[PDB]
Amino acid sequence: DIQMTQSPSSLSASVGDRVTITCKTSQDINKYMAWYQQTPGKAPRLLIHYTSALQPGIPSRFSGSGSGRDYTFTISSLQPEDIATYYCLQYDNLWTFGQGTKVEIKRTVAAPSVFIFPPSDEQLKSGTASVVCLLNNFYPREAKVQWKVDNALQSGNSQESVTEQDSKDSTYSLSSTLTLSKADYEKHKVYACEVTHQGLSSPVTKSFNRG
(Lines of atoms letter the chains of each structure in order from A and count residues from 1; the text may use other names and numbers.)
(Lines give C-alpha, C1' and ligand atoms only; values in the text may rest on other atoms or scores of the structure.)
Protein backbone atom coordinates (compact mmCIF):
# COMPACT_ATOMS: atom_id res chain seq x y z
CA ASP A 1 0.00 0.00 0.00
CA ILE A 2 2.50 2.63 -1.35
CA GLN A 3 1.60 5.80 -3.37
CA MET A 4 3.76 8.02 -5.61
CA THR A 5 3.42 11.53 -7.01
CA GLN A 6 5.53 12.72 -9.96
CA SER A 7 5.54 16.50 -10.53
CA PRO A 8 4.85 18.10 -13.04
CA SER A 9 2.69 16.08 -15.53
CA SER A 10 4.23 18.22 -18.39
CA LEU A 11 6.77 21.02 -18.81
CA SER A 12 8.09 23.34 -21.53
CA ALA A 13 11.62 24.81 -21.58
CA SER A 14 14.22 26.27 -23.99
CA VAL A 15 17.47 24.58 -25.14
CA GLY A 16 20.09 25.23 -22.39
CA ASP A 17 17.50 25.53 -19.58
CA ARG A 18 17.54 23.68 -16.24
CA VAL A 19 14.74 21.12 -16.04
CA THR A 20 13.66 19.57 -12.77
CA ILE A 21 11.20 16.71 -12.03
CA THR A 22 10.30 15.61 -8.51
CA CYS A 23 8.94 12.45 -7.03
CA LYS A 24 7.23 11.97 -3.62
CA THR A 25 6.56 8.52 -2.09
CA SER A 26 4.04 7.76 0.71
CA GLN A 27 6.77 5.93 2.76
CA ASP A 28 10.60 5.91 2.99
CA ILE A 29 11.87 3.92 -0.04
CA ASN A 30 15.54 3.91 1.18
CA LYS A 31 17.10 5.41 -2.02
CA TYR A 32 15.51 2.69 -4.28
CA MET A 33 14.63 5.33 -6.79
CA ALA A 34 15.29 5.21 -10.55
CA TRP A 35 14.69 7.53 -13.52
CA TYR A 36 13.69 6.45 -17.06
CA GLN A 37 13.68 8.34 -20.38
CA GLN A 38 11.07 7.41 -23.01
CA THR A 39 11.42 9.24 -26.36
CA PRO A 40 8.35 8.93 -28.77
CA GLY A 41 8.03 5.55 -30.53
CA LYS A 42 10.95 4.04 -28.57
CA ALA A 43 10.96 1.91 -25.34
CA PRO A 44 12.06 3.26 -21.87
CA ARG A 45 15.80 3.74 -21.18
CA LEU A 46 17.34 3.79 -17.67
CA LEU A 47 19.24 7.05 -16.93
CA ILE A 48 19.83 6.93 -13.09
CA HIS A 49 19.27 4.10 -10.53
CA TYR A 50 19.65 4.02 -6.66
CA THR A 51 18.83 7.80 -6.46
CA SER A 52 22.08 9.14 -8.07
CA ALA A 53 23.96 6.29 -9.83
CA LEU A 54 24.17 7.62 -13.40
CA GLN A 55 24.18 4.74 -15.92
CA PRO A 56 27.39 4.69 -18.09
CA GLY A 57 26.63 6.03 -21.58
CA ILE A 58 24.20 8.67 -20.21
CA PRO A 59 25.45 12.33 -20.46
CA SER A 60 26.58 14.12 -17.24
CA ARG A 61 23.81 16.83 -17.63
CA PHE A 62 21.43 14.21 -16.15
CA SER A 63 21.47 13.76 -12.36
CA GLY A 64 19.36 12.47 -9.49
CA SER A 65 19.18 13.28 -5.76
CA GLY A 66 16.98 12.69 -2.74
CA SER A 67 16.41 10.45 0.32
CA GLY A 68 13.46 9.35 2.45
CA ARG A 69 10.28 10.14 0.53
CA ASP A 70 11.54 13.02 -1.67
CA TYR A 71 13.46 12.62 -4.90
CA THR A 72 14.60 14.97 -7.70
CA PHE A 73 15.69 14.45 -11.38
CA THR A 74 17.58 17.26 -13.10
CA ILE A 75 18.68 18.04 -16.66
CA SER A 76 21.21 20.88 -16.00
CA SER A 77 21.12 22.06 -19.67
CA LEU A 78 18.17 20.89 -21.86
CA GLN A 79 19.19 19.53 -25.30
CA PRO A 80 16.97 18.90 -28.42
CA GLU A 81 17.54 15.11 -28.04
CA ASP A 82 16.09 15.26 -24.46
CA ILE A 83 12.44 15.59 -25.66
CA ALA A 84 10.75 12.63 -23.97
CA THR A 85 8.35 11.55 -21.23
CA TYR A 86 10.36 10.86 -18.04
CA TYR A 87 9.35 8.34 -15.41
CA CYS A 88 10.33 7.82 -11.82
CA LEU A 89 10.33 4.33 -10.29
CA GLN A 90 10.22 3.21 -6.67
CA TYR A 91 11.50 -0.36 -6.12
CA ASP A 92 11.55 -0.88 -2.33
CA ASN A 93 7.95 -2.02 -1.62
CA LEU A 94 7.20 -3.84 -4.89
CA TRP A 95 7.35 -1.63 -8.05
CA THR A 96 5.51 1.65 -8.86
CA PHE A 97 6.29 3.91 -11.84
CA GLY A 98 5.44 7.62 -11.73
CA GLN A 99 2.64 9.17 -13.78
CA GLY A 100 5.38 10.63 -16.05
CA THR A 101 6.56 14.10 -17.16
CA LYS A 102 6.40 15.08 -20.85
CA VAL A 103 9.34 17.44 -21.57
CA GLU A 104 8.58 19.60 -24.70
CA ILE A 105 10.95 22.19 -26.23
CA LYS A 106 10.19 25.91 -26.76
CA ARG A 107 12.12 27.19 -29.84
CA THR A 108 12.01 30.05 -32.37
CA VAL A 109 9.26 30.39 -35.02
CA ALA A 110 9.88 28.28 -38.17
CA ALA A 111 7.58 28.48 -41.22
CA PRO A 112 6.64 25.17 -42.94
CA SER A 113 7.85 24.02 -46.38
CA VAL A 114 4.59 23.13 -48.20
CA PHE A 115 4.32 20.27 -50.81
CA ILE A 116 1.34 18.92 -52.81
CA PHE A 117 1.01 15.31 -54.11
CA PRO A 118 -1.61 14.19 -56.67
CA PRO A 119 -3.30 10.73 -56.35
CA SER A 120 -1.21 8.00 -58.06
CA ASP A 121 -2.29 6.16 -61.27
CA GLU A 122 -2.30 2.91 -59.18
CA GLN A 123 -4.84 4.38 -56.72
CA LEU A 124 -7.06 5.88 -59.47
CA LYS A 125 -7.48 2.36 -61.01
CA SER A 126 -9.16 1.38 -57.68
CA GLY A 127 -11.79 4.20 -57.82
CA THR A 128 -10.56 6.48 -54.95
CA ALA A 129 -8.41 9.64 -55.17
CA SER A 130 -6.31 10.72 -52.17
CA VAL A 131 -4.66 14.15 -52.47
CA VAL A 132 -1.85 14.81 -49.94
CA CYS A 133 -0.45 18.09 -48.52
CA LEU A 134 2.79 18.13 -46.56
CA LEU A 135 3.88 20.85 -44.09
CA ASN A 136 7.54 20.21 -43.30
CA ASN A 137 9.61 21.22 -40.18
CA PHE A 138 7.56 24.07 -38.63
CA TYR A 139 7.20 25.71 -35.16
CA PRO A 140 4.86 26.19 -33.16
CA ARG A 141 2.75 23.03 -33.87
CA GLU A 142 -0.49 25.04 -34.65
CA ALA A 143 -1.05 25.31 -38.44
CA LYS A 144 -4.11 25.48 -40.69
CA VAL A 145 -4.66 23.54 -43.95
CA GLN A 146 -7.45 24.70 -46.26
CA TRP A 147 -8.20 22.42 -49.24
CA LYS A 148 -9.42 24.28 -52.37
CA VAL A 149 -10.99 22.45 -55.34
CA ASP A 150 -11.56 24.96 -58.23
CA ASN A 151 -11.36 27.88 -55.63
CA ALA A 152 -14.12 26.18 -53.50
CA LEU A 153 -13.22 25.54 -49.81
CA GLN A 154 -13.55 21.84 -48.89
CA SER A 155 -15.13 20.51 -45.65
CA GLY A 156 -15.79 17.00 -44.31
CA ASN A 157 -13.54 15.13 -46.80
CA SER A 158 -10.21 15.79 -45.09
CA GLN A 159 -8.10 14.14 -42.35
CA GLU A 160 -4.75 15.29 -40.88
CA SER A 161 -2.05 14.21 -38.40
CA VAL A 162 1.03 15.88 -36.89
CA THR A 163 4.33 14.25 -35.90
CA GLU A 164 5.88 14.18 -32.45
CA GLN A 165 8.47 16.98 -31.91
CA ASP A 166 11.80 16.46 -33.74
CA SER A 167 14.87 15.32 -31.63
CA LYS A 168 17.29 17.39 -33.78
CA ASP A 169 15.57 20.72 -34.71
CA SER A 170 12.50 20.60 -32.31
CA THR A 171 9.99 21.22 -35.14
CA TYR A 172 6.75 19.51 -36.17
CA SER A 173 5.55 18.19 -39.54
CA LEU A 174 1.95 17.76 -40.66
CA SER A 175 0.32 15.65 -43.38
CA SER A 176 -3.25 16.27 -44.67
CA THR A 177 -5.26 13.92 -46.93
CA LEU A 178 -8.21 15.10 -49.06
CA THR A 179 -10.26 12.01 -50.11
CA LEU A 180 -12.67 11.88 -53.11
CA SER A 181 -14.24 9.16 -55.32
CA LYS A 182 -12.55 8.86 -58.82
CA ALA A 183 -15.78 10.34 -60.37
CA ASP A 184 -15.64 13.57 -58.24
CA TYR A 185 -11.84 13.85 -58.79
CA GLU A 186 -12.37 13.69 -62.60
CA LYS A 187 -15.09 16.45 -62.37
CA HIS A 188 -12.51 19.16 -61.36
CA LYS A 189 -9.05 20.35 -62.54
CA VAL A 190 -7.33 22.71 -60.03
CA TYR A 191 -6.46 21.05 -56.69
CA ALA A 192 -4.96 23.33 -54.06
CA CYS A 193 -3.69 23.24 -50.47
CA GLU A 194 -3.62 26.64 -48.60
CA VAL A 195 -1.42 26.78 -45.46
CA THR A 196 -1.60 29.43 -42.75
CA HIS A 197 1.10 29.55 -40.02
CA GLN A 198 2.54 32.11 -37.51
CA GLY A 199 5.91 31.93 -39.31
CA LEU A 200 4.31 32.98 -42.63
CA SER A 201 3.73 36.65 -43.61
CA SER A 202 0.98 35.55 -46.05
CA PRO A 203 -0.63 32.07 -46.56
CA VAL A 204 1.22 29.59 -48.85
CA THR A 205 -0.80 27.90 -51.63
CA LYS A 206 0.55 24.75 -53.32
CA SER A 207 -1.40 23.48 -56.34
CA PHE A 208 -1.48 21.16 -59.38
CA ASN A 209 -3.73 20.74 -62.45
CA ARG A 210 -5.24 17.24 -63.03
CA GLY A 211 -3.42 16.31 -66.28
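Don't overthink the numbering: it's just position in the shown sequence, from 1.
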Looking at the entry, does 115-123 or 93-101 show the higher mean C-alpha B-factor?
115-123
Decide which of the stretches 37-45 and 157-165 has the higher mean C-alpha B-factor, going by the entry.
37-45
Residue selected from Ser170, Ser176, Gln55, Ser65 by maximal Cα B factor:
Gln55
Relative C-alpha B-factor of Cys133, binned into the chain's lowest, middle or highest third:
highest
Which third of the chain does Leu200 land in by C-alpha B-factor: lowest, middle or highest?
lowest
Comparing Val19 with the other modelled residues of its chain, is its CA B-factor in the lowest, middle or highest third?
middle
Is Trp147 in the lowest, middle or highest third of its chain when residues are ranked by C-alpha B-factor?
middle
Third of chain Cα B-factors occupied by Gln6:
middle
